[PDB]
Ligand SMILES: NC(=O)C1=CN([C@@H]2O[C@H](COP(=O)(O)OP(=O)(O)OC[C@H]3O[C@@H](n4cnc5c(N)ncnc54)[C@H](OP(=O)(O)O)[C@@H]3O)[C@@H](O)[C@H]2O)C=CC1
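Before any questions on binding or motion, here is one chain by itself as structure tokens, the form deposited without the ligand.
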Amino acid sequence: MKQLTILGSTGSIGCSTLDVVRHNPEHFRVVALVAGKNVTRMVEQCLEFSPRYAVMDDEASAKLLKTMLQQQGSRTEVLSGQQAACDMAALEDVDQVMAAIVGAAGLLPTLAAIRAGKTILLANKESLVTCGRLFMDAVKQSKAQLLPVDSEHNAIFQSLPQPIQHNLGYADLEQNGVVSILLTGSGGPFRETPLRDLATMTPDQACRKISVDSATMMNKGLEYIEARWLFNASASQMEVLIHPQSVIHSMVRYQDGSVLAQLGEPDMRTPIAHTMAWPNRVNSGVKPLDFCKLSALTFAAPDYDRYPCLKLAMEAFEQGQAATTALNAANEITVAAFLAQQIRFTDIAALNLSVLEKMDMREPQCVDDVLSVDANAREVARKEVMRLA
């Protein structure tokens, strides 16, 4: 009977998890829930699963919720603030912790779950891009079990050998017959748009923020950074590959030539159920992949001239977490600029490049250091945007 704490229970990943806990009440139980300001959906969840605790971003949302729960007669104790969350991630009787809260708001709570040696269902890939060294070091000491929920990373994990799975982040690929890890990506919507046509591409053509990252492939570059930390992989053990149909979520290449891959519907309940029942399986309610109703599957090598963000990310890794933390921040600024129609589509990569170019510093050593680089990065970015508008 696995008892958990969900960090970010109101967003989509948070609800999908609850979907799995719903149809598998014999395997899971929710002890605590942590959300931001959506008191509404929280009450709903506090009434269904009735955990022991519930945490909100502030006292306002907490007082409001507390009251609504009073009316329904929910025994659920309500708390608020960042510390509360971390205390929920570290709860003594909690087995697994779904880290679904993204952004800086998720760092401490996730790190706390790690330092307590809990099984971590990592649904906030972001963190490894900024706190890669810290988190991975903290895993080593506490021996916490990281379990990537992200679709591509969930697939790489399902394709790795057992001894590497039970010692994620601090295991030798090489020594276990792993030659390299194959990170796959659709290639974005401008995959075939002739080069001298990217500058004219508009937001409507790229169709929220991820779409853009998919278009520039900054998204794959970030997953590139996350992978190297998560699986302790060198640049020579990584492969980025374009796969448009996206049936194959990602693959792993072995010494004897075998390649292992994970396929399935795009539904997030599959990779979410996988990590929750590991090393076993449960029903996620996801539709069985129909191999007869699929687009032919194809592959192609990414072109750096078409995807400058991939190169930048790969270079930023060799430059340190200061560079990755800054590459991430700046990107959120330029992308946003692109959507508000303040820069050309092609300026995303150019401005993300400048920020880094014009940014000296030193490797962080803790969350606060990371937040500091993030702050400067955005600044230098906002300033760069203006320099073009």
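Numbering starts at 1 and runs along the sequence shown. Definition used throughout: the rigid core is the maximal C-alpha set that superposes within 1.5 Å between two forms.
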item: Unmodelled deposited residues between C207 and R208, binned; value: 4 to 9
item: Segment of higher mean CA temperature factor, 73-81 or 180-188; value: 73-81
item: Of 142-150 and 196-204, the one with larger mean CA B-factor; value: 196-204
item: Assigned third (lowest, middle, highest) for the C-alpha B factor of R228; value: lowest
item: Chain thirds of CA B-factor: placement of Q319; value: highest
item: CA B-factor placement of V286, once the chain's modelled residues are sorted into thirds; value: middle
item: Cα B factor band for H243 (lowest, middle or highest third within the chain); value: lowest
item: Third assignment of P161 from its chain's C-alpha B-factors; value: lowest
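Below, we turn to the form deposited with the ligand bound, even though it does not appear here.
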| query | finding |
| --- | --- |
| Segment assignment from 164-172, 278-286, 314-322, 100-108: heavy atom within 4.5 Å of the ligand in the deposited complex | 100-108 |
| Close approach of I210 to the ligand in the deposited complex, 4.5 Å, heavy atom | yes |
| Heavy atom of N124 within 4.5 Å of the ligand in the deposited complex | yes |
| 4.5 Å heavy atom contact, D347 and the ligand in the deposited complex | no |
| Contact test in the deposited complex: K37 vs the ligand, heavy atoms, 4.5 Å | yes |
| Answer option from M268, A112, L182, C131, heavy atom within 4.5 Å of the ligand in the deposited complex | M268 |
| Those residues of 42-60 which, in the deposited complex, come within 4.5 Å of the ligand by heavy atom | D57 |
| Shift of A322 between the shown form and the other one at or above 2 Å (CA, core fit) | no |
